[PDB]
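As a convention, Cβ positions derive from the backbone with ideal geometry for all residues, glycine included, and neighbour counts pool all protein chains shown. Just so it is clear, none of the values below were taken in a lab; they were calculated from the coordinates.
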Amino acid sequence: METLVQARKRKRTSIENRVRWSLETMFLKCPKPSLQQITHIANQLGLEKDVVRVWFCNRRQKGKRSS
């Protein structure tokens, strides 16, 4: 109960499963998200730029170049 080292995916203190896919709808509006918009993305879900970059890495290669 009072432990913080056994999450399921990563964390839920400031990254609800809906917050991550909330980022998704914000990135599927334009294919040109500025790194400045990435700063507003962090303040948008209180996460670290490191988890927002790895999270957008998959959002970048979901199926644009399948071979």
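Here are a few things to note about the model shown:
- Charge tally for residue 62 (other residues, Cβ to Cβ under 15 Å; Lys, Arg +1; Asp, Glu -1): +4.
- Computed from the C-beta positions of residue 13 and residue 67 and an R0 of 25 Å, the FRET efficiency is 0.05 to the nearest 0.05.
- Note on residue 25 and residue 54: their simple-model spin labels are 2.6 nm apart, each label 7 Å out from Cα toward Cβ.
- Rg and Dmax, both from the Cα atoms of the chain and both in Å, are 13.4, 46.
- Treating r as the C-beta distance of residue 39 and residue 4 and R0 as 22 Å, the FRET efficiency rounds to 0.25.
- Between the listed residues 39, 4, 22, the Cα displaced farthest toward the positive end of the dipole of the chain, a dipole computed from Cβ unit charges relative to the Cα centre, is found at 22.
- By the count of neighbouring beta-carbon atoms within 10 Å, fewest first, 51, 5 end up ordered 5, 51.
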